[PDB]
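Heads up, the chain below is alone and in the form deposited in one PDB entry; it's given as structure tokens.
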């Protein structure tokens, strides 16, 4: 019978024609503050860091400015109250962190390009799939054949069943076809995978994730099944389709890390066998006698959805390579995932495997609103829509007006912490997630109750049985239902999770655990 506290009352905020006087205004803002303050100090169920504080002190002075980073980060524009100099410094930091080639240089196809997002990673995943759709479908690139094969400009998208819902939305928005939709449409009877529940060759809706003790993915780690991916990708690559793969680096519910290096090692030979490392691409034509114009491109695009994990994984991997220097050996290996991942081929030399990465600033770093980064390389940049106006190609971003306050937030954050400090943040979170799992299993033994605790090795989240609605509301626990046998509603379990972000300390977890021990749903 615990109290989450009162929610905000709509009548306090109704905006009348005549305006509100200063007393009613302050009362309403105080109510918002008291609400937000209580909720932020108890939030443990979402992958969003809640303590910034130094940031507010450093950056409140900028609130009077209508800052607008309209246009490309690397180009001057007319709207002078912008922070593009700060944006570039942040992008440069992450470029180095993710082993991209810097500085950005439009003359160097291998150098990075990216920009800070005005939404969260939803914007970065949309941009990634937009950029990949056009690149793989043969639209024109920024400056510096597909003969016969009718599938050459029909890209197929692959991602695991732990992929965030934003991807399904982005696929629908951009008209990108998933392997499931193309399989059902064109190849209805040819699914190369056997369903482990039914035994039938039915196209799964997403690439299977790895099984747990059950034999099915519901209690698995949440990592993509690399074997199954390879079977699916080979099938579609053999038919002549170009290939888009999204890999999750810190999945939404289980905090899993898809094994990016293993995926790439497994797929590269498939891409080489089916002519997808280098292929000539017809992009339109100009009318005379012979029609098409042609350039050379890769026929695959691997994107890393690092909304969460691109913020901490580089730091964990720093510790893994020098465990003595940082005083910490991480328990789990996190796979190589970034722009430095290169593999040798049979006959194209070393291939740099990853094409893009997104990250959310409001997840690991923390911010007062959604923000983040999309990064790729110059060689992937698409030519924007033409016009009789001139002056570079400033609009090569998803947003038009762009948030120039977000650069400040993340610049301020990154300036305050060294690499060593960032390693300690991921260390403390990893150790606290392990602690939480230990305490939950001890609770089961102390009380004689089932909590179903689960933690993927290397994840900063632990899942367990959903407690009462009031406890869930007090601590902002994110919920997920799973069916333990797909398509059977009698096997439903309700889970919550806790994300151990850097603002979650031992005291917080202990306070949650103590209420959990007396919760009426948990006690049963």
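Shifts are known only where both forms have a C-alpha. What we label the rigid core is the largest C-alpha set whose atoms superpose within 1.5 Å from one form to the other. Positions refer to the first chain, counted from 1.
Keep in mind that the form deposited in another entry is not shown, yet the notes after this line are about it.
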Quiz item: With the two forms aligned on the rigid core, which of the residues 77, 192, 211, 392 moves its CA by 2 Å or more between the shown form and the other one?
Solution: 392
Quiz item: Taking the shown form as reference, are the C-alpha positions of residue 117 and residue 391 brought closer or pushed farther apart in the other entry, with a change of 3 Å or more?
Solution: closer
Quiz item: Where do residue 392 and residue 381 end up in the other entry, Cα atoms closer or farther than shown, with a change of 3 Å or more?
Solution: farther
Exercise. Kindly list the runs, ordered along the sequence, of 3+ consecutive residues whose C-alpha shifts are all 2 Å or more between the shown form and the other one once the two forms are aligned on their core.
Key: 385 to 393
